[PDB]
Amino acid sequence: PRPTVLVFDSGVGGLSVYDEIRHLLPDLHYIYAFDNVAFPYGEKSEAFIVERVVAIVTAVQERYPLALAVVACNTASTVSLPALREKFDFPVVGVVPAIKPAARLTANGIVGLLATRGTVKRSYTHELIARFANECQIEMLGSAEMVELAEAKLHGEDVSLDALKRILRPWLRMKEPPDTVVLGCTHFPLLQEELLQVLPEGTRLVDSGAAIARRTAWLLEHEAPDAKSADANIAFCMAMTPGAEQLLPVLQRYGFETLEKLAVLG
């Protein structure tokens, strides 16, 4: 039996964070849960999102006591953390765009932020940009379409590079584009290869994955309750739809043998 860790996202983006966590802590009892019923969260009202994520974690907790939970979703983290930390007695990890380290890595002072449409309109974002990136200029680019490209990719469809170039056209037309790009959407690291083929040579991609993994390992050491299981890793969807089912092969490649429907009360 090993500590049970939940990794949550509205869709497949959570898998990029999970991938980093499992690389650091490979023997844990992982539970991956994705809200295919309410995806995408980017458009949704914040009041709905908070209630929804709290309800999903509540349902997961009923199936398995949790040692720790990761909200590997930018559009949910910020607004949901206080509520989740109040209701549960296990540490909760959140995610915010890696602007801070990107600001210390840029050489030309131009830092780009790729996030979903809803994330670039949040006050939480605008604030972080001023708090740890006062010495550099931030180029924001929100794209709900890129999220879909990531979803498509893990569903078996090939990513159209032309679609990406179009989305990134603004940056490709810059005299001096960002030399550092923050992936502020957990779906984006999944498109790393494609992004590197389209973005100008020398662009460095930065995300929160490895840092989340380290934070997870620290919490499992200094805060997580003794909640463990010997059961194999499992993936939960909120509705057994063709779309969710189509993720089975990828989920299996990621280490989740089974995909089951989770009953949620919210």
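Quick note: we count residues from 1 along the sequence shown, nothing fancier.
Relative to its counterpart among 256-264 and 2-10, 256-264 has the higher mean temperature factor, C-alpha atoms as listed in the PDB entry. The mean Cα B-factor in the deposited entry runs higher for 73-81 than for the other of 184-192 and 73-81. Of the candidates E201, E51, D207, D35, the one whose C-alpha carries the top B factor in the deposited record is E201. Ranked within its chain, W218 lands in the highest third, by CA B factor from the PDB record. Per-chain ranking of the deposited C-alpha B factor places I21 in the middle third. Sorting the modelled residues of the chain by their CA temperature factor places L149 in the lowest third. The PDB entry assigns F132 a C-alpha temperature factor belonging to the highest third of its chain's modelled residues. In the deposited entry, the Cα temperature factor of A227 sits in the top third of values across the chain's modelled residues.
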